[PDB]
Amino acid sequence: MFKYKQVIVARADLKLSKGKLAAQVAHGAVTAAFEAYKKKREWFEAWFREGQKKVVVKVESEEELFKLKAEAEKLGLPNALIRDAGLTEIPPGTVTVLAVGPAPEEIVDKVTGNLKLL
């Protein structure tokens, strides 16, 4: 009776235009979805046919994305920290979003439950 979800944490301090931010969120969702597909197949499958729920939250620094990624790693959650070579309006290698999940909602919330909604 587990519910599954993916939470994408987007940086709101990069002054990115909406189309670019949406693209970054999509990079995170796709990348983490494939991470789950290959190493947590059951979680991926359940999520994918139960609405593939996604919630977009935000942070105001690059540092918070790294700390959240570390927490996701420590809990064994599929995740993807995104950088985009094509996003030249920000410095090369700058991370834009962190996608966490798909995974059981209660586990994902341990990492992202207190983040604020975009």
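We number the residues from 1 along the sequence you see.
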TODO: Output the stretch having the higher mean C-alpha B factor in the entry; the candidates are 95-103 and 13-21.
DONE: 13-21
Open item on the list: On mean Cα temperature factor in this entry, is 41-49 or 64-72 the higher one?
Closed with: 41-49
Open item on the list: By the CA temperature factor listed in this entry, which of these ranks top: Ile82, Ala85, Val59, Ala32?
Closed with: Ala85
Open item on the list: Maximum C-alpha temperature factor per the entry, among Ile90, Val55, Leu77, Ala26, belongs to which one?
Closed with: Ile90
- [ ] Just say lowest, middle or highest third for the CA B-factor of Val7 relative to the other modelled residues in its chain.
- [x] lowest
